[PDB]
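Derivation of every value follows stated rules applied to the coordinates shown; laboratory data play no part. Don't worry about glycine lacking a Cβ; one is built from the backbone with ideal geometry, like all the others, and counts go over all protein chains shown.
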Amino acid sequence: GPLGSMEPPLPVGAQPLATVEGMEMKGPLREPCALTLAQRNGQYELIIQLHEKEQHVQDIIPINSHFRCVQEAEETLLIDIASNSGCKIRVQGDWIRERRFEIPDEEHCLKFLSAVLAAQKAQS
């Protein structure tokens, strides 16, 4: 019913815990995107989707020490929700040097931040 006529863009094995629409900002320019948290193989992983004109690029960014989500701060992994209402976060790790992301949808931001925060909180 809720599923589309064709397999979803996200991995089949992946279990999208939460899905939200955000915007990826980069020094030279920005580009609309979407942040989706999913659990695969009993592990937590964050998938970043870019609304690229060509095709939705699938970026697999596993959640762990290498992956960090800082909410408008140098390193505020413990707290992220406190800064609701248009939340801006930054991701840095082996997969990517540094990229910015934002979610203007507060209601959606709560689920995204809560799910992602819980994932990192549980790991560390």
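Per-residue answers, yes or no, for (1) surrounded by fewer than 18 Cβ atoms within 10 Å (Cβ to Cβ); (2) aromatic (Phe, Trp, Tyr):
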{"residue": "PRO2", "(1), (2)": "yes, no"}
{"residue": "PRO8", "(1), (2)": "yes, no"}
{"residue": "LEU35", "(1), (2)": "no, no"}
{"residue": "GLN43", "(1), (2)": "yes, no"}
{"residue": "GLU54", "(1), (2)": "yes, no"}
{"residue": "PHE67", "(1), (2)": "no, yes"}
{"residue": "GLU72", "(1), (2)": "yes, no"}
{"residue": "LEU77", "(1), (2)": "yes, no"}
{"residue": "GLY86", "(1), (2)": "yes, no"}
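From the list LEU37, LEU17, which residue is touching a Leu at 6+ places or on another chain (Cβ under 6 Å) and over 19 Å from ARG100 (Cα atoms)?
After applying the criteria, what remains is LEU17.
Looking only at segment 91-124, filter to residues that are charged (D, E, K, R) and closer than 20 Å to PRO28 by Cα; which one of those is farthest from the chain's Cα centre (by Cα)?
Once the filter is applied, the top-ranked residue is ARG97.
Return the residues of segment 88-107 that are out of contact with any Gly (no Cβ under 8 Å at 6 or more places or on another chain), within 21 Å of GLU45 (Cβ to Cβ) and surrounded by 14 or more Cβ atoms within 10 Å (Cβ to Cβ); say none if nothing qualifies.
The answer is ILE89, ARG90, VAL91, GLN92, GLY93, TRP95, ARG99, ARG100.
When segment 40-56 is examined, which residues are found to be closer than 21 Å to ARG99 by Cβ, of a type outside the set (D, E, K, R) and assigned to a strand (DSSP E or B)?
Across segment 40-56, the qualifying residues are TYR44, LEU46, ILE47, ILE48, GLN49, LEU50.
Checking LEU29 against (1) loosely packed, with under 12 Cβ neighbours inside 10 Å; (2) under 15 Å from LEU117 (Cα atoms), only one condition comes out false. Which one?
(2) is the only condition that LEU29 fails.
If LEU17 passes every condition in (1) in a loop (DSSP other than H, G, I, E, B); (2) touching a residue at least 12 places away in the same chain (Cβ under 8 Å) but one, which one does it miss?
(1)
Just name the residue that is nearest to the chain's Cα centre (by Cα) out of those in segment 44-63 that are more than 17 Å from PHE112 (Cα to Cα) and of a type outside the set (D, E, K, R).
Only one residue tops the list, namely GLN58.
Considering only residues that are assigned to a loop (DSSP other than H, G, I, E, B) and in contact with a strand residue (DSSP E or B) (Cβ under 6 Å, 6 or more places away or on another chain), look in segment 57-73 and name the one that is nearest to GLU98 (Cα to Cα).
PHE67
Filter segment 95-124 down to the residues that are free of Cβ contacts under 8 Å to residues at least 60 places away in the same chain and not in a helix (DSSP H, G or I) and list them by number.
Across segment 95-124, the qualifying residues are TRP95, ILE96, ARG97, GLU98, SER124.
Which ones in segment 17-26 are in contact with a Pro (Cβ under 9 Å, 6 or more places away or on another chain) and either loosely packed, with under 15 Cβ neighbours inside 10 Å or of a type in the set (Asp, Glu) (or both)?
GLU21, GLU24
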